[PDB]
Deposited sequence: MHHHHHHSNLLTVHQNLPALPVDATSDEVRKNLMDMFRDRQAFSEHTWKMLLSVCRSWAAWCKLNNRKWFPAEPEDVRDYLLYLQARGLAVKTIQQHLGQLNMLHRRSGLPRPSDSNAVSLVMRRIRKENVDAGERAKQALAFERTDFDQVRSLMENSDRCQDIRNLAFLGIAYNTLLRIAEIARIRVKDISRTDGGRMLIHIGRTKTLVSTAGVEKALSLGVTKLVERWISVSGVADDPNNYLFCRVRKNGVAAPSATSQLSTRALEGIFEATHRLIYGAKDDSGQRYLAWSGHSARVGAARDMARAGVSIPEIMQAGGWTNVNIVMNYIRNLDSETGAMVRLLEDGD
C-alpha cells in the first residue's frame, strides 16, 4: 500500500514522460470507473476483477465501441501496472470478458471506422475554387490542405510546425522539419518536401499572414473576421480548428452534413493521410515508399487504409 502510494506519486511527479492525451484519458476513465463504482457501492481502487468485468459489460450495454471499451480497460490496466499492482487483465474474468465483448460486437457487425478520404481530385477541386480568393482565411486554409495532403502529417504535427522549421531545396521546393510525431520522439526527425505548387500555396500564406516576422512563430495561426492574421510563438492553432478547416472545406463543395449524427460524414483531421496513402497505392507507389511518406514503420495501417474485377479478366475472354 505504502509502496503503492509512492509508485503512483512517482508517476504523477514525472507525468510529462507521457503524452498530455494519456493523462487526459487516464483521468477520464478513472472518472467513469469511479462514478460506476460509487453508484454500485464498490471500491474503485484497487479494482476487483469481477467489478471491472461488470463495468466493461456495462460499457458494452451502453453501446460503446470496442476500441472505447478497450481504452477503459487499458487505462485501468496502466493505473494498476504502474502502481505496482496486478492488472485487471491479469485475471480471467477480465481477459475473457474483453474477448467476448470484442467477439460479440463484431459478430454483430460493428467495425472500426476510418476517416473520409481527401484525395488528389478533392485537392484539385478545392484548389480550383479557393485559389482565386484573396481572403486570408482561404489562403491559409488552402496552404494547410496542401501541406496536409503533400506531407500526410497529422493535424497535431501540423499545428506544431514553426516558421524556423522550413528550409529550401536548391530546386526551390519547401522543406519542413518535423521533430516529434505520434510514433516518434527525437532530435533527429524528418524533413518534409513540398511540391512546387504546394510551396507556392504556403509562400502566399506566409506573405499575407506575416508569420515569418519571427521564425519561432507557428506557421499556422488564427485569422479573425476582419481578415487579420494573429501570429504567435507561444500558442498554436487548435487541432479542433485544423479539423474545422476540413469540415468547412467539405461543406463548401458538398453542403451541410447528414442529420444522422454519425462520424465521418465530412472530411476530418485524418482525411488527407488516408487519401494520399490511397492515391499513392493507386499510382503503383512502393508500399515501402508509401511508408516513408506516412512515416509509419509497419505495414498494416498502410495496408488497411485501402482495399476496395481483376480475377474476372481471364475467364472473361
message: Ranges lacking C-alpha coordinates, please, mapped onto the deposited sequence and listed in sequence order.
response: 1-25, 334-338, 348-349
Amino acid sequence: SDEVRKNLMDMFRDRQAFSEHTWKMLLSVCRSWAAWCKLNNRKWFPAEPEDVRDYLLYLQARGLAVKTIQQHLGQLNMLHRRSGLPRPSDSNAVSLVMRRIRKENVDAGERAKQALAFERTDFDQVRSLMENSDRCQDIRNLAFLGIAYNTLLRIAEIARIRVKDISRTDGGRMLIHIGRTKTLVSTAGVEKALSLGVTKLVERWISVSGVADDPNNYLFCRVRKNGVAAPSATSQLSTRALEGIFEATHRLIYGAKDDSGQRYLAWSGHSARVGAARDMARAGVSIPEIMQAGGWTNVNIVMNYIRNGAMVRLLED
From here on, numbers count along this sequence of modelled residues.
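We call the rigid core the largest set of C-alpha positions that still match within 1.5 Å between the two forms.
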field: Divergent stretch in 6 other deposited structures of this protein, 169-177 or 143-151 [C-alpha RMS, superposed by the core]
entry: 169-177
- prompt: Between 21-29 and 293-301, where do the CA atoms move more in 6 other deposited structures of this protein, taking the root mean square over the structures and residues after a core fit?
  reply: 293-301
Of 184-192 and 236-244, the stretch whose C-alpha atoms average the higher B-factor in the entry: 184-192
task: Tell me which of 171-179 and 99-107 has the higher mean C-alpha B-factor in the deposited entry.
output: 171-179
197, 215, 84, 74, ranked by C-alpha B-factor: the highest one: 215
field: Position of residue 282 among the chain's modelled residues by C-alpha B-factor, lowest, middle or highest third
entry: highest
- line: By the entry's values, the third containing the CA B factor of residue 231 is the middle
task: Please place residue 142 in the lowest, middle or highest third of its chain by C-alpha B factor as given in the entry.
output: lowest
- prompt: Considering only modelled residues of the same chain, in which third does the CA B-factor of residue 257 rank: lowest, middle or highest?
  reply: highest
message: Quick check for you: using the entry's CA B-factors within this chain, is residue 28 in the lowest, middle or highest third?
response: lowest
